[PDB]
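Structure first, commentary second.
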Amino acid sequence: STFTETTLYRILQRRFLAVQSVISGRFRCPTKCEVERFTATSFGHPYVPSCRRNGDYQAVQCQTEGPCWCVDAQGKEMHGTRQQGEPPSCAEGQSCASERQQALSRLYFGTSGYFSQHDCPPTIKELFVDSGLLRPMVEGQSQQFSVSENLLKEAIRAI
Amino acid sequence: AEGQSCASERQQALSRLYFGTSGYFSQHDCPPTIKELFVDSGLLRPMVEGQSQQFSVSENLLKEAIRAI
Amino acid sequence: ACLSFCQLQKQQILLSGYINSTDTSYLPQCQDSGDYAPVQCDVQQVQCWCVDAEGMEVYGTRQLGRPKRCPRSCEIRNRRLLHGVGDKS
Amino acid sequence: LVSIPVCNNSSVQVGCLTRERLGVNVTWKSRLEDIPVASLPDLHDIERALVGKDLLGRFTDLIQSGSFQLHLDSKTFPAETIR
Amino acid sequence: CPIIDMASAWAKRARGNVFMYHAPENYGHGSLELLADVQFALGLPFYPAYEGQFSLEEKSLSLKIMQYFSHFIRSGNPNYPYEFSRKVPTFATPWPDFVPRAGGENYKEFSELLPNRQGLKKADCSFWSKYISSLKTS
Amino acid sequence: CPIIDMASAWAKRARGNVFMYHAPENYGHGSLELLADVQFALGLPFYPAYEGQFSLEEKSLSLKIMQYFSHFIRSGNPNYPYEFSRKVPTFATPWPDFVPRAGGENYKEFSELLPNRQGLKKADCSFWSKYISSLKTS
Amino acid sequence: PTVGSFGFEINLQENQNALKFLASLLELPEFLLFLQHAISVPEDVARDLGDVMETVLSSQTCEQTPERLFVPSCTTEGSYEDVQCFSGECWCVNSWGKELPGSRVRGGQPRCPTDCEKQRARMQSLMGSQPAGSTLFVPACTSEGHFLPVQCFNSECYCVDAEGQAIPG
Amino acid sequence: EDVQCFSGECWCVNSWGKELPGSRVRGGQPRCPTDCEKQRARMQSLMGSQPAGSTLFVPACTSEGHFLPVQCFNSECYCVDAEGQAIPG
Amino acid sequence: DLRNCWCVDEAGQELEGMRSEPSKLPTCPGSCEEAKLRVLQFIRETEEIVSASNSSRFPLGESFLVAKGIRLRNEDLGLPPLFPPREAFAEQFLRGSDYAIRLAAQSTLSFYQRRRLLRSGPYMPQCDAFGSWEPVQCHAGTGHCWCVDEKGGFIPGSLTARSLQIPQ
Amino acid sequence: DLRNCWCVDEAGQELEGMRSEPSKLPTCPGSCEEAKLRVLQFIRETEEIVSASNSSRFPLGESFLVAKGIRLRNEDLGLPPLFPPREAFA
Ligand SMILES: *[C@@H]1O[C@H](CO)[C@@H](O)[C@H](O)[C@H]1NC(C)=O
Ligand SMILES: *[C@@H]1O[C@H](CO)[C@@H](O)[C@H](O)[C@H]1NC(C)=O
Ligand SMILES: *[C@@H]1O[C@H](CO)[C@@H](O)[C@H](O)[C@H]1NC(C)=O
Ligand SMILES: *[C@@H]1O[C@H](CO)[C@@H](O)[C@H](O)[C@H]1NC(C)=O
């Protein structure tokens, strides 16, 4: 219909981002985190952000020799935290307490197993990661890859 | 007493249950050196085994065979 | 915590209708994120239009009460191009 | 983290009562068709995730052990009690 | 060991999906000319002649096996009843296709849980296929 | 596979008692010219040079191994310190002798519990001894 | 070091080796069969094909869910604490969710492994990917998990502390 | 007695002192095997000491341990009771 | 009208709790009320071991030994063999794995909460007035309104987690 | 006579139950009395959970859940976190 879905366009963005891989280390354009980090480092003003190689914001973000807090994946402050001194611990792989609540609500569900049986996603553990399909990706001949897996999931996304 | 040796053996476990704490001795409370010399190490296997069913070898005859000989 | 650009304007209109005491029939309806909601109108809700995320009113989409969808940043720029403000691509 | 909005236009109401005490009855509310099971798998949780230290406990600690400064007509003034 | 290289040479053609099963040894009712994989597949526990001779577990196994062959004869894949709808198969375990490569070569074992094994007789189908294939030519 | 037929042809002579051990793979401290069976036997965890480099479990293992070789060099049997006293050996597990027959061929594995295994490399010492011994002569 | 299009670190030797691998990834019969099953992923579980690569690279660590009446034990702040019990057995876990294999003791509670075991079982496993005779340093330690006081490597034996650094002299 | 429990697992035993292997279930209590399982697992084990093709009668039964109502042998299928004797006719 | 007619389930097991007279008509539930009776009986013996917990008639280490598979007969402990109902607990703590692990967990909840909140209990399966299953089944406490057909059994897919409309 | 000298076992673990003054001599058992003290402490907490059994302060299903490896914190059950000594038993 328009110029977008033409094959003349999608070859150009693939030739653009493949050059951007050997230039920037990313198989993508820079996201909102990486632009804000560069413009803060350029003019030298405080509050430089932090980006954990995925393009998203790193969670706990401190400014220069001052207060510190944590941020979601959008650039906005979490209101229940501003801790002077040590950096906080915001959801850094702390998914047990949410998962503890699912087990207690399954514990207090009637009796006899009428439904409580039926309460990784489905059809992925037994099609992709077991059936020889992921094994070409995270494997090879030796150590000389250092293949970042926030680059391969950027490789399949942009291509 | 027709193979009713559990109730005697139940008393040995209860007296081991009520023996102090901490395992200072209670570890040290088939006979020894028979399970790992005779019935495992190929020595009994010539007796209760053969080529086929045509033995009916009574084992109150083999323990009478070694006794009288 | 400090105040978003919405709630800067929603206080500035409302006290101007309190200091001068002359009412203005518009106040924004921004969400929790601080930026504007796309649909914007007054308390009587008779003409609700789509707005840019920066704040300026998108010219043309003044419906009579409820936009089913609002134009986003491409389709505004893609159509104003086709009206002819430079950069024919 | 998932976002659950708990307020509306009808969350707060005011009125002068004894000529120097402007009361306010804040009413948080949140629809149950906003909170997934994977977020809060129990109605007991939606009690405790609301009355707990995140939302109600942090707010009581703001108005008790702190300060709160409203900004009207270039006049800054405190606004907290406990009742 | 022919049926492996029947599948693996067919799968390296990459012209169609390749699937493989393997029935276990089923000791009971050896009074039938059919064997332990066709009877689970062509509706034999439901026959009027074979009424009561099967349990409610071999019979319920032999309905998810009929769903395996039905979704294959309809769509060439025993997980999807059509060739244009790809919702999640919520009837049994999702069959993975025979990937003709090391780290793969998957199949399905027709037991009560229908599990996904990986590599059938890979010791012995390296014997007749790699040892003897050097002994016969040399 | 030589050491099996070294033992089994020696044991079918029936002239003396035949005993066999087998040390496991011991990954640690590969900085020694001696290996994992002699060091447990000739008092190496107690040496003044090797002070502290061993645990209190490899060291306590290497006292029941010294008792194994001592009761052999004294009496030809690693369960009895004399050739005329046959009380029960209450120091470790009773070593069974290498019975050169199917259902036997016992040995000792020098691990923490000192267990009695049965048949060392019987797959692989049927390979070099029964397969190739027909391939070499024919 | 290097500065790219922005404040980026460029190990260009690392970047060139990835694109050599990426061209070899597309020249495979078994990537086309990976891409066929990536189409058949539903929309809610994965929006884009990068989200297919998000779930698949994450599902390789998802062990099958335990018995339904099991409930984990968290810390004060919630940090998925060490000894993790169920009906008779307890075991020890990482910070992530899986359990350390072999640590499933029966009755009582296990000791979670110290700095020794998770250092030596790595280098016992790395010993299994070496040429024959090509040893490397395995920290041998006591049954209590504390280090043996004199570690050894390359025909050199040095004394250690309770932490891992060689004290000099 | 039959069900023999310990810390988490229970199992089932004979009259003599040993336990039936494979019956060590985890949690709750197992069902001790009926007249079916100790008859067929003998003749499944006796099937393993036969020539190839030389079948013999294995009593197949339900998951509840009760017999399948029509047992079969030597291309002859007969109905049974809940005990084992063939009812005539 | 001189015969005693009780009624059983499939495979002939008596629903104990009654015995008919020669001149009565036995009430017999079907397919939904048994799954409501057993839940009523589960809450019943939940309330039994919270009463003996209040009455202080058994040690606190009693359920630990039954969990570990150690059975003390009353002949061992000197007391008369039936003077407490001792073998009640060891029956109803060894009925199943998933059964007794909930029955303790429901009781320790119901002991402290009655001694002191949330209006949440277990799930009683609501039936119709005929005796069969209501086709919609809502669990207050979570928000799951699922559907059940044909003498029990969750039909797959039909689950609804916290919606405004009732699942038809 | 101004320093506080307690005493430990091997590998430096304090026998808790005391703290010395600047002008006292700490009694320190050896090798047989610890194995008599722990048995005295075992009979002590044997007599503790027979008192709470008499006092009726804990449910009868409490020890069943700790046996099965299910740990209920006091935050879950509405009650204040230290108002009973709940985590003594577990
Ligand atoms: C209206 O109120 C504003 C408040 O800032 C004031 O500055 C202004 O002088 C007033 N009058 C007019 C005519 O705008
Ligand atoms: C808040 O929103 C509701 C719903 O649109 C509306 O009825 C109400 O009038 C609004 N509040 C005010 C003060 O306008
Ligand atoms: C809010 O609080 C006030 C003061 O306690 C009370 O009179 C009123 O009923 C409450 N509710 C509403 C809806 O205003
Ligand atoms: C226990 O029983 C007493 C009477 O003996 C009663 O007053 C009390 O309410 C009961 N419940 C609790 C939790 O104490």
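In the structure tokens, each chain is lettered A, B, ... as it comes, each chain's residues begin at 1, and ligands are numbered from 1 in order of appearance.
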
Can you pull out the residues contacting stretch 32-39 of chain D? Cut-off 12 Å, using only C-alpha atoms, and skip same-chain residues under 6 positions away; I want them as a ChimeraX atom specification. /A:95,97-103,105-106,119 /D:1-6,45-47,49-50 /I:141-144,160-165

Write the selection just made, keeping N, CA and C atoms, as a compact mmCIF listing (two decimals), in the first residue's frame?
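Saved file again_5.txt follows:
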# COMPACT_ATOMS: atom_id res chain seq x y z
N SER A 95 11.11 -12.40 42.99
CA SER A 95 9.79 -12.89 42.62
C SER A 95 9.30 -14.04 43.49
N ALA A 97 8.15 -13.75 46.79
CA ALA A 97 7.04 -13.29 47.63
C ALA A 97 5.75 -13.14 46.84
N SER A 98 5.84 -12.80 45.56
CA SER A 98 4.66 -12.86 44.70
C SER A 98 4.25 -14.31 44.45
N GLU A 99 5.23 -15.19 44.25
CA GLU A 99 4.96 -16.60 44.01
C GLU A 99 4.57 -17.34 45.28
N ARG A 100 4.97 -16.83 46.45
CA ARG A 100 4.50 -17.39 47.71
C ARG A 100 3.00 -17.20 47.87
N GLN A 101 2.47 -16.07 47.40
CA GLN A 101 1.03 -15.80 47.51
C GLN A 101 0.21 -16.73 46.63
N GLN A 102 0.75 -17.14 45.48
CA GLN A 102 0.03 -18.08 44.63
C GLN A 102 -0.05 -19.47 45.24
N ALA A 103 0.96 -19.86 46.02
CA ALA A 103 0.93 -21.16 46.67
C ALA A 103 0.01 -21.17 47.88
N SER A 105 -2.73 -19.25 48.24
CA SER A 105 -4.09 -19.25 47.72
C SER A 105 -4.47 -20.58 47.10
N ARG A 106 -3.48 -21.35 46.64
CA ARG A 106 -3.74 -22.72 46.21
C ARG A 106 -3.85 -23.66 47.40
N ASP A 119 -5.70 -25.30 38.25
CA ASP A 119 -5.51 -23.88 38.51
C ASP A 119 -4.21 -23.41 37.86
N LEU D 1 6.83 -4.76 37.02
CA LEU D 1 5.85 -4.05 37.83
C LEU D 1 4.66 -3.66 36.97
N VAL D 2 3.46 -3.83 37.53
CA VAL D 2 2.22 -3.47 36.85
C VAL D 2 1.58 -2.30 37.58
N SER D 3 0.82 -1.52 36.83
CA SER D 3 0.28 -0.25 37.32
C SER D 3 -1.21 -0.41 37.61
N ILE D 4 -1.60 -0.18 38.85
CA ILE D 4 -2.99 -0.26 39.28
C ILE D 4 -3.40 1.12 39.80
N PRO D 5 -4.19 1.87 39.04
CA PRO D 5 -4.62 3.19 39.50
C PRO D 5 -5.69 3.08 40.58
N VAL D 6 -5.45 3.72 41.72
CA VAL D 6 -6.46 3.71 42.77
C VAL D 6 -6.76 5.15 43.21
N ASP D 45 -5.07 -10.46 49.69
CA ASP D 45 -3.91 -9.69 49.26
C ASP D 45 -4.31 -8.26 48.91
N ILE D 46 -5.44 -8.09 48.22
CA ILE D 46 -5.89 -6.78 47.78
C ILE D 46 -6.30 -5.93 48.98
N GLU D 47 -6.72 -6.57 50.07
CA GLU D 47 -6.77 -5.89 51.36
C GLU D 47 -5.39 -5.42 51.79
N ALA D 49 -2.38 -5.39 50.28
CA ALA D 49 -1.58 -4.54 49.39
C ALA D 49 -2.10 -3.12 49.33
N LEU D 50 -3.30 -2.87 49.84
CA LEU D 50 -3.87 -1.53 49.93
C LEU D 50 -3.72 -0.94 51.32
N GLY I 141 -13.11 -15.34 47.15
CA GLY I 141 -11.81 -15.52 47.75
C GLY I 141 -10.69 -15.32 46.75
N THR I 142 -10.89 -15.79 45.52
CA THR I 142 -9.94 -15.58 44.44
C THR I 142 -10.50 -14.69 43.33
N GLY I 143 -11.70 -15.00 42.87
CA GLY I 143 -12.27 -14.36 41.69
C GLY I 143 -12.48 -15.30 40.53
N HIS I 144 -12.19 -16.59 40.69
CA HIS I 144 -12.34 -17.56 39.61
C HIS I 144 -13.79 -18.00 39.51
N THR I 160 -12.57 -17.76 34.25
CA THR I 160 -12.75 -16.31 34.23
C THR I 160 -12.22 -15.74 35.54
N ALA I 161 -11.24 -14.86 35.44
CA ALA I 161 -10.57 -14.29 36.60
C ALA I 161 -10.93 -12.81 36.69
N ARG I 162 -11.86 -12.50 37.59
CA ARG I 162 -12.25 -11.13 37.97
C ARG I 162 -12.76 -10.33 36.76
N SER I 163 -13.94 -10.73 36.28
CA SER I 163 -14.62 -9.97 35.24
C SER I 163 -15.94 -9.42 35.76
N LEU I 164 -16.45 -8.40 35.05
CA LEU I 164 -17.70 -7.76 35.45
C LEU I 164 -18.91 -8.65 35.15
N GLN I 165 -18.93 -9.29 33.99
CA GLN I 165 -20.07 -10.10 33.59
C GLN I 165 -19.92 -11.53 34.09

Could I get the residue neighbourhood of ligand 1 at 6 Å, counting only C-alpha atoms and all ligand atoms, as a ChimeraX atom specification? /C:16,19-20

Write out, as JSON lines, each residue of chain I that has an atom at most 6 Å from ligand 4, together with the closest pair of atoms and their distance in Å to one decimal, counting only C-alpha atoms and all ligand atoms, rows going by chain and rising number.
{"residue": "I:54", "atom": "CA", "partner": "ligand 4", "partner_atom_place_in_ligand_line": "1 (C)", "distance": 4.9}
{"residue": "I:114", "atom": "CA", "partner": "ligand 4", "partner_atom_place_in_ligand_line": "13 (C)", "distance": 5.6}
{"residue": "I:115", "atom": "CA", "partner": "ligand 4", "partner_atom_place_in_ligand_line": "13 (C)", "distance": 4.0}

Please identify the residues whose atoms come within 7 Å of ligand 2, using only C-alpha atoms and all ligand atoms, and report them as number ranges by chain. C: 43; D: 8-10

Produce a file of the selected residues containing N, CA, C and O atoms, as a PDB file, in the first residue's frame.
ATOM      1  N   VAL C  43     -16.077  20.058  31.379  1.00  0.00           N
ATOM      2  CA  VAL C  43     -16.945  19.295  32.274  1.00  0.00           C
ATOM      3  C   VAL C  43     -18.264  18.931  31.590  1.00  0.00           C
ATOM      4  O   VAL C  43     -18.848  17.878  31.880  1.00  0.00           O
TER       5      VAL C  43
ATOM      6  N   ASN D   8     -10.012   8.406  41.607  1.00  0.00           N
ATOM      7  CA  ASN D   8     -10.830   8.945  40.528  1.00  0.00           C
ATOM      8  C   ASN D   8     -11.092  10.414  40.848  1.00  0.00           C
ATOM      9  O   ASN D   8     -10.410  11.007  41.691  1.00  0.00           O
ATOM     10  N   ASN D   9     -12.067  11.014  40.161  1.00  0.00           N
ATOM     11  CA  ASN D   9     -12.471  12.368  40.523  1.00  0.00           C
ATOM     12  C   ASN D   9     -13.171  12.400  41.874  1.00  0.00           C
ATOM     13  O   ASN D   9     -13.049  13.385  42.610  1.00  0.00           O
ATOM     14  N   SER D  10     -13.901  11.336  42.214  1.00  0.00           N
ATOM     15  CA  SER D  10     -14.688  11.269  43.439  1.00  0.00           C
ATOM     16  C   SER D  10     -13.914  10.666  44.601  1.00  0.00           C
ATOM     17  O   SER D  10     -14.522  10.086  45.512  1.00  0.00           O
TER      18      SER D  10
END

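The space between atom CA of residue E:75 and atom CA of residue E:95 spans 13.7 Å.
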
If we count only C-alpha atoms, what is near residue H:41 at a cut-off of 12 Å, once residues fewer than 4 positions away on the same chain are taken out, given as a CSV table (one decimal) with C-alpha atoms, in the first residue's frame?
chain,number,residue,atom,x,y,z
E,27,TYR,CA,2.9,-57.5,27.9
E,28,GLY,CA,-0.9,-58.1,28.1
H,20,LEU,CA,7.1,-54.8,47.7
H,21,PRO,CA,9.4,-52.9,45.3
H,22,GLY,CA,7.8,-50.0,43.4
H,33,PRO,CA,-1.6,-54.7,45.4
H,34,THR,CA,-4.7,-56.9,44.9
H,35,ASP,CA,-4.8,-60.5,43.7
H,36,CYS,CA,-4.2,-59.2,40.1
H,37,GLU,CA,-0.8,-57.5,40.4
H,45,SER,CA,8.5,-61.9,35.1
H,46,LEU,CA,7.9,-65.5,34.0
H,47,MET,CA,7.2,-64.0,30.5
H,48,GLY,CA,10.8,-62.7,30.6
H,57,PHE,CA,-1.6,-66.0,30.5
H,58,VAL,CA,-1.1,-62.6,32.1
H,59,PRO,CA,-4.2,-61.4,34.0
H,60,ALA,CA,-4.8,-57.9,32.8
H,61,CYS,CA,-6.7,-55.7,35.2

Chain H contacts on chain I, only C-alpha atoms, 7 Å, as a PyMOL selection string: chain I and resi 67-70+94-97

Requested write-out: N, CA, C and O atoms of the selected residues, as a PDB file, in the first residue's frame:
ATOM      1  N   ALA I  67       3.012 -37.537  61.085  1.00  0.00           N
ATOM      2  CA  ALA I  67       3.622 -37.065  59.846  1.00  0.00           C
ATOM      3  C   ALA I  67       4.861 -37.878  59.497  1.00  0.00           C
ATOM      4  O   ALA I  67       5.052 -38.279  58.344  1.00  0.00           O
ATOM      5  N   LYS I  68       5.713 -38.136  60.486  1.00  0.00           N
ATOM      6  CA  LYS I  68       6.938 -38.898  60.281  1.00  0.00           C
ATOM      7  C   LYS I  68       6.712 -40.403  60.203  1.00  0.00           C
ATOM      8  O   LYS I  68       7.687 -41.146  60.052  1.00  0.00           O
ATOM      9  N   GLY I  69       5.475 -40.870  60.315  1.00  0.00           N
ATOM     10  CA  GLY I  69       5.201 -42.287  60.172  1.00  0.00           C
ATOM     11  C   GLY I  69       5.535 -43.109  61.393  1.00  0.00           C
ATOM     12  O   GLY I  69       5.965 -44.261  61.265  1.00  0.00           O
ATOM     13  N   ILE I  70       5.339 -42.552  62.582  1.00  0.00           N
ATOM     14  CA  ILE I  70       5.546 -43.263  63.836  1.00  0.00           C
ATOM     15  C   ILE I  70       4.205 -43.351  64.542  1.00  0.00           C
ATOM     16  O   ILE I  70       3.572 -42.325  64.820  1.00  0.00           O
ATOM     17  N   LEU I  94      -3.706 -39.531  57.898  1.00  0.00           N
ATOM     18  CA  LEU I  94      -3.146 -40.425  56.893  1.00  0.00           C
ATOM     19  C   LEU I  94      -4.172 -40.790  55.828  1.00  0.00           C
ATOM     20  O   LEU I  94      -4.035 -41.823  55.167  1.00  0.00           O
ATOM     21  N   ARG I  95      -5.211 -39.967  55.661  1.00  0.00           N
ATOM     22  CA  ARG I  95      -6.192 -40.225  54.614  1.00  0.00           C
ATOM     23  C   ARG I  95      -5.608 -39.949  53.235  1.00  0.00           C
ATOM     24  O   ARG I  95      -5.952 -40.633  52.265  1.00  0.00           O
ATOM     25  N   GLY I  96      -4.714 -38.972  53.136  1.00  0.00           N
ATOM     26  CA  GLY I  96      -4.027 -38.693  51.888  1.00  0.00           C
ATOM     27  C   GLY I  96      -2.933 -37.678  52.118  1.00  0.00           C
ATOM     28  O   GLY I  96      -2.799 -37.110  53.206  1.00  0.00           O
ATOM     29  N   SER I  97      -2.144 -37.458  51.068  1.00  0.00           N
ATOM     30  CA  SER I  97      -1.082 -36.462  51.152  1.00  0.00           C
ATOM     31  C   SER I  97      -1.643 -35.056  51.025  1.00  0.00           C
ATOM     32  O   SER I  97      -1.424 -34.212  51.896  1.00  0.00           O
TER      33      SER I  97
END

With only C-alpha atoms considered, list every residue of chain G at most 9 Å from chain J, as an NGL selection string. :G and (69-73 or 84-90)

Selection export as a CSV table (one decimal), in the first residue's frame, atoms kept: N, CA and C atoms:
chain,number,residue,atom,x,y,z
G,69,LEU,N,1.1,-28.3,46.4
G,69,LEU,CA,1.0,-27.8,47.8
G,69,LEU,C,2.3,-27.3,48.4
G,70,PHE,N,3.3,-27.3,47.6
G,70,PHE,CA,4.6,-26.7,48.0
G,70,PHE,C,4.5,-25.2,48.1
G,71,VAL,N,5.0,-24.6,49.2
G,71,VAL,CA,5.1,-23.2,49.3
G,71,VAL,C,6.5,-22.8,49.7
G,72,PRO,N,7.2,-21.9,48.9
G,72,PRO,CA,8.5,-21.5,49.3
G,72,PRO,C,8.6,-20.5,50.5
G,73,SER,N,9.8,-20.3,51.0
G,73,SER,CA,10.0,-19.5,52.2
G,73,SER,C,10.9,-18.3,51.8
G,84,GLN,N,15.3,-24.8,51.8
G,84,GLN,CA,14.0,-24.9,51.2
G,84,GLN,C,13.4,-26.2,51.4
G,85,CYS,N,12.4,-26.3,52.3
G,85,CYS,CA,11.9,-27.6,52.8
G,85,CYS,C,10.5,-28.0,52.2
G,86,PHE,N,10.3,-29.3,52.2
G,86,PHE,CA,9.0,-29.9,51.8
G,86,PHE,C,8.9,-31.2,52.6
G,87,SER,N,8.0,-32.1,52.2
G,87,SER,CA,7.6,-33.2,53.0
G,87,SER,C,8.7,-34.3,53.2
G,88,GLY,N,9.5,-34.1,54.2
G,88,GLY,CA,10.7,-35.0,54.5
G,88,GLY,C,12.0,-34.4,53.9
G,89,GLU,N,12.1,-34.1,52.7
G,89,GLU,CA,13.3,-33.5,52.2
G,89,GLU,C,13.3,-32.0,52.4
G,90,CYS,N,14.5,-31.5,52.6
G,90,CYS,CA,14.8,-30.1,52.4
G,90,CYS,C,15.9,-30.0,51.4

Check the smallest atom-to-atom distance from each of I:123, I:42, I:111, I:64 to chain G using only C-alpha atoms, then report the winner. I:64

Please report as JSON, numbers by chain which residues of chain I come no farther than 12 Å from chain J, using only C-alpha atoms. {"I": [46, 47, 48, 49, 50, 51, 52, 53, 54, 55, 56, 57, 58, 59, 60, 61, 62, 63, 64, 65, 66, 67, 68, 69, 89, 90, 92, 93, 94, 97, 98, 100, 101, 102, 103, 104, 105, 106, 107, 108, 109, 110, 111, 112, 113, 114, 115, 116, 117, 118]}

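Running DSSP on the backbone gives alpha helix (DSSP H) for these residues within chain B: residues 6, 7, 8, 9, 10, 11, 12, 13, 14, 15, 16, 17, 62, 63, 64, 65, 66, 67 and 68 of chain B.
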
Keeping only C-alpha atoms, write the selected residues as a PDB file, in the first residue's frame.
ATOM      1  CA  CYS B   6       7.332 -57.693  64.234  1.00  0.00           C
ATOM      2  CA  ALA B   7       6.061 -57.084  67.777  1.00  0.00           C
ATOM      3  CA  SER B   8       9.381 -58.208  69.242  1.00  0.00           C
ATOM      4  CA  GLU B   9      11.163 -56.023  66.681  1.00  0.00           C
ATOM      5  CA  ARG B  10       8.784 -53.124  67.409  1.00  0.00           C
ATOM      6  CA  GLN B  11      10.079 -53.097  70.998  1.00  0.00           C
ATOM      7  CA  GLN B  12      13.690 -52.752  69.824  1.00  0.00           C
ATOM      8  CA  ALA B  13      12.782 -49.672  67.781  1.00  0.00           C
ATOM      9  CA  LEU B  14      10.872 -48.018  70.635  1.00  0.00           C
ATOM     10  CA  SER B  15      13.753 -48.580  73.058  1.00  0.00           C
ATOM     11  CA  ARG B  16      16.056 -47.077  70.426  1.00  0.00           C
ATOM     12  CA  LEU B  17      13.588 -44.184  70.088  1.00  0.00           C
ATOM     13  CA  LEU B  62      21.223 -79.117  51.664  1.00  0.00           C
ATOM     14  CA  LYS B  63      21.687 -77.813  55.205  1.00  0.00           C
ATOM     15  CA  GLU B  64      21.358 -81.482  56.143  1.00  0.00           C
ATOM     16  CA  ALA B  65      23.832 -82.355  53.381  1.00  0.00           C
ATOM     17  CA  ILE B  66      26.603 -80.109  54.703  1.00  0.00           C
ATOM     18  CA  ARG B  67      25.805 -81.109  58.309  1.00  0.00           C
ATOM     19  CA  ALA B  68      26.141 -84.890  57.963  1.00  0.00           C
TER      20      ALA B  68
END

If the limit is 9 Å from any atom of ligand 3, counting only C-alpha atoms and all ligand atoms, which residues qualify? Return them as JSON, numbers by chain. {"D": [12, 13, 14, 23, 24, 25, 26, 27, 83]}

What's the 10 Å shell around residue H:82, counting only C-alpha atoms, without same-chain residues fewer than 3 positions away, as a list in words? residues 35, 36, 66, 67, 68, 69, 85 and 86 of chain H

Please save C-alpha atoms of the selected residues as a compact mmCIF listing (two decimals), in the first residue's frame.
# COMPACT_ATOMS: atom_id res chain seq x y z
CA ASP H 35 -4.81 -60.53 43.66
CA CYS H 36 -4.21 -59.19 40.12
CA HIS H 66 -10.05 -55.33 40.10
CA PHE H 67 -9.92 -57.75 37.17
CA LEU H 68 -10.85 -56.83 33.65
CA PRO H 69 -14.23 -58.55 33.16
CA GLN H 85 -12.28 -68.58 38.54
CA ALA H 86 -13.85 -68.69 35.10

Enumerate the residues of stretch 10-105 of chain G with a DSSP assignment of strand (DSSP E), computed from the backbone, and present them as number ranges by chain. G: 83-85, 89-92, 105

Find the residues around stretch 61-74 of chain D up to 12 Å (only C-alpha atoms counted), leave out those fewer than 2 positions away in its own chain, and share them as JSON, numbers by chain. {"A": [79, 80], "C": [1, 2, 3, 8, 11, 12, 14, 15, 16, 17, 18, 19, 20], "D": [52, 53, 54, 55, 56, 57, 58, 59, 76, 77, 78, 79, 80, 81, 82, 83]}
